[PDB]
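Protein chains in written order, with the authors' numbering: chain E, 336 to 494, 504 to 565, 577 to 634, 644 to 898, 912 to 1005; chain D, 12 to 491, 506 to 631, 644 to 670; chain F, 9 to 33, 38 to 55, 58 to 74, 78 to 119. C-beta: ideal position from N, C-alpha, C; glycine also.
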Amino acid sequence: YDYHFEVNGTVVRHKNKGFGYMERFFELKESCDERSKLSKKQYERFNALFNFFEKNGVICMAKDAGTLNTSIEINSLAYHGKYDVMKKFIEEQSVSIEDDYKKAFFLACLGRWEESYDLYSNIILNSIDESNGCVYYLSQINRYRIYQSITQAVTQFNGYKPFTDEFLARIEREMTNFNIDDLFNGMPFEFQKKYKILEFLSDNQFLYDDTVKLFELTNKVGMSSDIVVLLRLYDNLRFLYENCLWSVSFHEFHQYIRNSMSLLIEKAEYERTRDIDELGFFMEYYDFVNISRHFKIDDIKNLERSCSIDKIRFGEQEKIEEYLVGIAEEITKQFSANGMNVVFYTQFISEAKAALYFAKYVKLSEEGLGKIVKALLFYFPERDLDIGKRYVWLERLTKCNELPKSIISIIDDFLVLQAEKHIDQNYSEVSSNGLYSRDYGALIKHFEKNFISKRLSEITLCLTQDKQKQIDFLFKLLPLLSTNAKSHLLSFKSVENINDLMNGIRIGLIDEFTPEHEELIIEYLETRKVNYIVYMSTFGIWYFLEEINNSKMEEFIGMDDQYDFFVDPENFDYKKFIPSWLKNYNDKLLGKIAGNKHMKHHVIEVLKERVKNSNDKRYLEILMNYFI
Amino acid sequence: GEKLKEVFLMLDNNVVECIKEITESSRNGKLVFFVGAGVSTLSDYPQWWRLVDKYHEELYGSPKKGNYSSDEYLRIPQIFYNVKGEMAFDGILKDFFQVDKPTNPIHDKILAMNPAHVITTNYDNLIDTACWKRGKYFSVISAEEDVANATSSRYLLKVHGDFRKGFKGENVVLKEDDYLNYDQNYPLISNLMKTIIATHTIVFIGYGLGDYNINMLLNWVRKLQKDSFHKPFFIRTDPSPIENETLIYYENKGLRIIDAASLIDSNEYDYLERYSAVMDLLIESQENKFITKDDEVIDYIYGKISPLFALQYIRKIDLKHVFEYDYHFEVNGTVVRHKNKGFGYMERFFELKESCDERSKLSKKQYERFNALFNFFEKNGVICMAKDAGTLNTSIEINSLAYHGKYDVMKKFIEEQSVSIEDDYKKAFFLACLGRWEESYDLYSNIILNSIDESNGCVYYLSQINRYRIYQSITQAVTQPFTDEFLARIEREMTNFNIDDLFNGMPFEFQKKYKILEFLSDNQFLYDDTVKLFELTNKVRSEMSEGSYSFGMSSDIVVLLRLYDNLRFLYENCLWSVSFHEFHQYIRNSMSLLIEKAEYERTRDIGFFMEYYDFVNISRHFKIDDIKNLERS
Amino acid sequence: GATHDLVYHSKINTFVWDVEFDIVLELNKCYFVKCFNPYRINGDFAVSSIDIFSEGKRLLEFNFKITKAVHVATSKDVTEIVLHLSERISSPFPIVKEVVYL
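#1: Between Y482/D, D238/D, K537/D, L220/D, which has its C-alpha nearest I259/D's C-alpha?
#2: For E17/D and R285/D, I'd like the C-alpha separation in whole angstroms.
#3: Can you tell me where the alpha helix (DSSP H) with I955/E in it begins and where it stops?
#4: Could you round the C-beta distance between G872/E and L841/E to whole angstroms and report it? I think they count as a contact, below 8 Å.
#5: Can you give me the Cβ contacts of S851/E inside the same chain, cut-off strictly under 6 Å, excluding the 5 residues immediately before and after it?
#6: Just the C-alpha distance for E83/D and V63/D, rounded to the nearest angstrom, thanks.
#7: Report, in whole angstroms, the separation of the C-beta atoms of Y574/D and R627/D, which I expect to be a contact under 8 Å.
#8: Who are the neighbours of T520/E on chain D, taking C-beta pairs under 7 Å?
#9: From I676/E, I713/E, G703/E, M704/E, pick the residue whose C-alpha is nearest to that of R657/E; which is it?
#10: Name, please, each residue of chain F whose Cβ falls closer than 7 Å to the Cβ of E298/D.
#11: From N202/D to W60/D, what does the alpha carbon distance come to, in whole angstroms?
#12: Between the C-alpha atoms of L619/D and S63/F, what's the straight-line distance to the nearest angstrom?
#13: Please report whether the beta-carbon of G703/E lies at a distance below 8 Å from any beta-carbon of chain F.
#14: Just mark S855/E as buried or exposed, buried being the case when its beta carbon has 16 or more other beta carbons within 10 Å.
#15: Please name the residues in the segment 732-752 of chain E whose beta-carbon is closer than 8 Å to at least one beta-carbon of chain F, in chain order.
#16: Tell me, please, whether the segment 782-802 of chain E touches the segment 751-759 of chain E by the rule of three or more beta-carbon pairs shorter than 8 Å.
#17: Whose Cβ in chain E lies nearer than 8 Å to the Cβ of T628/D?
#18: Taking DSSP as the reference, what is the three-state secondary structure of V859/E?
#19: Could you tell me which chain E residues have their CB closer than 9 Å to the CB of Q610/D, listed as they occur along the chain?
#20: At a CB distance below 9 Å, what residues from the segment 145-162 of chain D approach chain E? Give them in sequence order.
#21: Note down, in chain order, every chain E residue with its Cβ under 7 Å from the Cβ of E78/F.
#22: Should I713/E be counted as a contact of the ligand PLP given a C-beta to heavy atom distance under 7 Å?
#23: Using C-beta distances below 6 Å, list every residue in its chain close to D55/D, excluding the 5 sequence neighbours before and after it, in chain order.
#24: For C47/F, is the classification buried or exposed, using 16 other Cβ atoms within 10 angstroms of its Cβ as the cut-off for buried?
#25: Excluding the 5 residues flanking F550/D on each side, which residues of the same chain have their C-beta closer than 7 Å to its C-beta?
#26: Would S92/F pass as an interface residue toward chain D - the criterion being a Cβ-Cβ separation below 8 Å?
#27: Compute the Euclidean distance between the alpha carbons of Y596/E and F91/D, then round it to the nearest angstrom.
#28: Classify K105/D: buried if its beta carbon has 16 or more other beta carbons within 10 angstroms, exposed otherwise.
#29: Check for me: the alpha helix (DSSP H) holding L168/D runs from which residue to which?
#30: In this structure, what does DSSP give as the bridge partners for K71/F?
#31: Only counting the same chain, and skipping five residues up and downstream in sequence, which positions put a Cβ closer than 6 Å to that of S273/D?
#32: Mind checking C29/D: buried by the 16 CB within 10 Å criterion, or exposed?
#33: Verify the CB distance criterion: does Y336/D have a CB-CB separation below 8 Å to chain E?
#34: How do the segment 462-472 of chain D and the segment 515-525 of chain D stand: do at least 3 beta-carbon pairs fall below 8 Å, yes or no?
#35: Strictly by DSSP, which residues pair up with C42/F?
#36: By a C-beta neighbour count over all protein chains shown, 10 Å radius and 16 as the cutoff for buried, is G102/D buried or exposed?
Following this line, the structure appears as structure tokens:
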């Protein structure tokens, strides 16, 4: 409490009733003539202290301020996700005990919790007397933290097989009643004096003051505390990973970056939407990493929902491309083989799903997009992404990008693989979402509608009758074929279905619309009339959109009031127009109903009635963004 | 698990009394084990006679034929040391004692009783490395210069040396001449051991009643006074049961023998079931499993709650730490079990609540104890188990004149004369609230001067805290009112007040009975509830955008009833920590997110009835600009 | 008697609550999920899409008078309750056991 060290490298005085020793130290920094005046041993001490203060990011007094360029540079292989070089450091032989301490933390990160536990023990056994104390004190803490990760880890893995029961018995009889609250109180006389800043690490909840400052953000908010808070994230986070602390893996730290990044994103959103008079948050690489790792996918969804990431831009996009291609090759090499540390798989798959989900917004190259799309389609494991969820992620990766024909080749390869896997007549096709492989075909038709598949053409040159699933699946993959093989699949022509011409035939096919299906609609509606004196909206919309061509519909007024709402808009009683009926229609319809005036002004009055009376915001958004 | 219970049923009075003394001495933390050779030799550790055997092998050649008495265990090495010298003697010492033998479970059972000190006569590294595997720093004090550099107050006193500093005969006590003039080679270790023995409860384990250390200490305790010391215990694990004349003689010598062979049935070689037999009899005596009488559970509950009859309100997340992690006390009056490996004493207590016939079965003093505990549990808002739930009508009723704003009646209470020290404590808090900070400071001082010895401790501990808090309100208040003489007086009075050691210096009874009253001597203590407010703001803020009109239970009400638990705890026990800014931020942030939260659940359209106490809390713990911004967003 | 789980997702006017249907449209163990993709590419003109399960897709011709509906937890045939939620709501599939919200 002789100074207040603020997070920009600027030091102010507080209660230094003394010489002003740091002020004299900075005077010794700039002045060259003063450094000659000292003695040689204190000159070398001055150089070591100089390297200290330049390294830890404290540059000057607050008297002489200036270009306060603040930038975090985490020099730790565990943070960036470089899992290869970590392994290559582990199997190398160490010639120092401090190299062992890092090596231990690295294979703590890789899910190799047993060998890291033992290496935490050997450092304690072999650096006890006096190195500095720090690689005897911290390694004992890290052994207890990795004990808590193993013990809590096998709690719910059982209630698939993480560790042997002998090791669980050994660490139970070893760490039986470990009290951490007296470890520093039992460190010797030199350690307690020189390192009475290293005692919060032996404390359970220690990251809570910064939380209370986040409330000052959320409460009643030039320069602001925003940047300060962000540079405090970048101070705590940098302190854990660079001194190789295993306290990063617990849930206190995860809640910390969760809450902190949540309120800075919502905060910069809030300052962006202070616009009721007067018509930044640049999101560098480290923020892309922190969102990809310390969130879950549902968190990133909710950051898309409330705050809007349209305004948010992304920089350093080449290293973002390097992190993404690193995730792609790592999930590739982990699932081109039998390699599965179950623990490391769980933590890595959280980072991987979140990273690609949040990699919608960044821009990539062609070969990088090829690598991520290939790893997302082929080598990505099951039970985490289903084939509709893969369409969500891939749809994100292809929405804001113009598809450069190589992704069309890769998705074509995935379609060939799905066609070669629907041969067995037991295939399930999960994607409980409702999205299926027909949508992959629709995506290709959305970007390159003139695409012809070669191997699917050959497969439809070899489907006689025998493989029924493969026929039906390839029928849902209709428009990407060649005409002769197309007719060869159209050996099995449709049935007398109506909306199972849509549900059974989910490939459009109103472009090919037979005249007897007008007649079949006539037959259907006259049976519904003779049974009416004793699905539907789809063809009512089809008559309203004028995709079909028949004037038989006019004599069928009264069977369905939706159908009455779409056949005759002028003679429709808008007094009995049910509102519900407006949330189930998409933009093409809600966007061509506004084209029909007799409909449009009546639904303007009833939507003003429901928005004014109730408090719906679906009807409010339809009242704002499509109609008027 | 059943046989040990049956052994507890078949124990006589005396042994049971001894077990009660031991579990008392552990639960205060005054328990000091005096272990020996026996607890080490079940780790297959090299015993001393084998060393004497190999010494005889290099001394007289051929093996010795028959008996080894006492002094041959000292003389045959001594002869060896005078013939072959230091170095070769160290050689056999290395070759025999460079071992890596594992740790017995009886070292674990010793280290499960929370010992203050551990005294020993071994030469191993078993029990200290067992402590390094644990977290309990016992400063291993083996030599005289280890005493002056002792870094803790929990010792590990190897009173004959260790081979920690080399396998040499200089550092350990092995030969006849070494045990002879011991008290002029190691004068300080014995002073510390006799100090610990005089100030604790010494329990012998691992010895036989012929051991020279035991009879040496018994010579010293016969040199002492009669009523000064405490009679030590002696766990006896011998193959033969103890005889009656050895019993009469050694009980009159000063020990208190608990035998292990006359308590269970065992064999001639099965030591470990007798060590674990009596030692686990101590441990499951701590685990309350032997408590089965209804009278006993009343004794237990009254033993843990009759401290708290002085306080006006007790939080639910403090009563969780009275019965330490045996239940989870949730804020609706419903109690669930968590880690109660025992009788289920609270379940039996609620069975004693509804059943009228059971209340007659108890004794009269425990009937009145039952009525006092009954008034406790109805007052603090804990009504029943979570098995029998029902109409959980929860309502806060703060009975404090400072909360409601009744400033008139406060004054009228202050100028009235008080006839109790607890009326003074309230009276002090009231004129702390009225801005009369000087007279409240002095009345905080007079209670300390005049309730010091033993009222309950609470109106000596809390009033000292409240004096320091009103000092911090005066000192921070004149920063940005009072005469300068009073500022000088409280500056020379409260000059370097450390609050972080006040409870650590409260006596033995206060630290045990009120180890829920130590967060009040801590600066930031209201921060866990803050982290729960983020669970609100997180993904139960994720349901407005989907229109989910759900109608279930949420943590919202729980959070609100946690406001109404902390707030009620401060005002009703008259705590001046309400006036600071941590508490103001607490109700600010908490009410902000509950108002925005109920707004959020209201606008999921694609209650929050606001009673009197919420009107008060908004009017007092906000500023006007806050209430504006609650009108805005 | 399981109203403590009844949610009324009302962008698509459903009642997301885990029942297990027994149908006549004759099968057993049925449960329903629904989409919310209004930006669907070539997948009719509707926002939602039912994906009927029979321990897997049934691969759809559907009228479905409801025959037996049982709650998962207390098993409490909630038949009439489901009928009540069909007596008010004029959308297909009132009880839909999950909603994806694309």
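On the basis of the coordinates in this document:
#1: Taking the second sequence and counting its residues from 1, the one referred to as residue 259/D is at position 248. The option with the nearest alpha carbon to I259/D is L220/D.
#2: Start at 1 with the first residue of the second sequence, and residue 17/D comes out as number 6. Start at 1 with the first residue of the second sequence, and residue 285/D comes out as number 274. Each residue's Cα considered, the two are about 15 Å apart.
#3: Indexing the first sequence from 1 puts residue 955/E at position 578. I955/E -> no alpha helix (DSSP H), and no H or E assigned at all.
#4: Counted from its first residue, the first sequence places residue 872/E at position 508. Counted from its first residue, the first sequence places residue 841/E at position 477. Their Cβ separation, rounded to whole angstroms, is 13 Å, which puts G872/E and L841/E out of contact at 8 Å.
#5: Counting from 1 along the first sequence, the entry for residue 851/E is found at position 487. Excluding sequence neighbours, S851/E sits near nothing in its chain.
#6: Here residue 83/D refers to the residue found at position 72 when the second sequence is read from its first residue. Here residue 63/D refers to the residue found at position 52 when the second sequence is read from its first residue. If I take the Cα positions, the gap works out to 8 Å.
#7: The residue labelled residue 574/D in the question sits at position 549 within the second sequence. The residue labelled residue 627/D in the question sits at position 602 within the second sequence. Contact annotation, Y574/D with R627/D: C-beta distance approximately 10 Å; criterion of less than 8 Å not satisfied.
#8: Taking the first residue of the first sequence as 1, we reach residue 520/E at position 176. Think of a sphere of 7 Å around the beta carbon of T520/E: the chain D residues whose beta carbon falls inside it are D119, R145, in chain order.
#9: The residue labelled residue 657/E in the question sits at position 293 within the first sequence. Of the listed residues, the one whose Cα sits closest to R657/E is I713/E.
#10: Counting from one through the second sequence, the residue named residue 298/D turns up at place 287. The contacting residues do not exist; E298/D stays about 36 Å from chain F at best.
#11: Taking the first residue of the second sequence as 1, we reach residue 202/D at position 191. Taking the first residue of the second sequence as 1, we reach residue 60/D at position 49. Rounded to whole angstroms, the separation of the alpha carbons of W60/D and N202/D is 30 Å.
#12: Position 594 of the second sequence, counting from 1, holds the residue named residue 619/D. Position 49 of the third sequence, counting from 1, holds the residue named residue 63/F. So the alpha carbons of these two residues sit roughly 37 Å apart.
#13: For the purposes of this step, residue 703/E is taken as the residue at position 339 of the first sequence. By this cut-off, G703/E is not an interface position.
#14: Taking the first residue of the first sequence as 1, we reach residue 855/E at position 491. Exposed, since its Cβ has fewer than 16 Cβ neighbours within 10 Å.
#15: The residues in question: there are none.
#16: The segment 782-802 of chain E is in contact with the segment 751-759 of chain E.
#17: Sequence index remark: in the second sequence, residue 628/D carries index 603 (1-based). Those within 8 Å of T628/D in chain E are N992, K994.
#18: Sequence index remark: in the first sequence, residue 859/E carries index 495 (1-based). Three-state result, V859/E: coil.
#19: Start at 1 with the first residue of the second sequence, and residue 610/D comes out as number 585. Simply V556, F559, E560, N563.
#20: Here the close residues are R145, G146, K147, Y148, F149, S150, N160, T162.
#21: Stepping through the third sequence from its first residue, residue 78/F is reached at position 61. For a Cβ distance threshold of 7 Å, residue set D864 of chain E lies close to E78/F, ordered along the chain.
#22: Looking at this structure, you won't find the ligand PLP or any other ligand, since it has none at all.
#23: The residue you call residue 55/D lines up with position 44 of the second sequence. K112, listed in sequence order.
#24: Mapped onto the third sequence, residue 47/F falls at position 35. With 16 or more other Cβ atoms from the protein chains shown falling within 10 Å of its own Cβ, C47/F counts as buried.
#25: Position 525 of the second sequence, counting from 1, holds the residue named residue 550/D. Close CB contacts of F550/D within its chain, under the 7 Å cut and outside five residues either way in sequence, are with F544 (chain order).
#26: Taking the first residue of the third sequence as position 1, residue 92/F is located at position 75. Among the residues facing chain D, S92/F is not included, as its CB has no counterpart in that chain under 8 Å away.
#27: Taking the first sequence and counting its residues from 1, the one referred to as residue 596/E is at position 241. Taking the second sequence and counting its residues from 1, the one referred to as residue 91/D is at position 80. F91/D has its alpha-carbon roughly 58 Å from the corresponding atom of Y596/E.
#28: Residue numbering aside, residue 105/D sits at position 94 when the second sequence is read from its first letter. Only exposed fits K105/D, as fewer than 16 other CB atoms lie within 10 angstroms of its CB.
#29: For this step, residue 168/D is matched to residue 157 along the second sequence. Per DSSP, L168/D lies in no alpha helix (DSSP H) segment; the continuous beta strand (DSSP E) that holds it begins and ends at 166-169.
#30: As a first step, residue 71/F is located in the third sequence; it is residue number 57 there, counting from the start. Answer is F67/F, bridged to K71/F.
#31: Looking up residue 273/D in the second sequence gives position 262. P252.
#32: In the second sequence, the residue the question calls residue 29/D occupies position 18. Around the beta carbon of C29/D, a 10 Å sphere encloses 16 or more other beta carbons of the protein chains shown; the residue is thus reported as buried.
#33: Within the second sequence, numbered from 1, the residue matching residue 336/D stands at position 325. By the rule that beta-carbons nearer than 8 Å mark a contact, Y336/D does not touch chain E.
#34: Output reads no: the segment 515-525 of chain D does not touch the segment 462-472 of chain D.
#35: Within the third sequence, numbered from 1, the residue matching residue 42/F stands at position 30. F29/F.
#36: Taking the second sequence and counting its residues from 1, one reaches residue 102/D at position 91. A residue is called buried once 16 or more other Cβ atoms fall within 10 Å of its Cβ, and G102/D, having fewer, is exposed.
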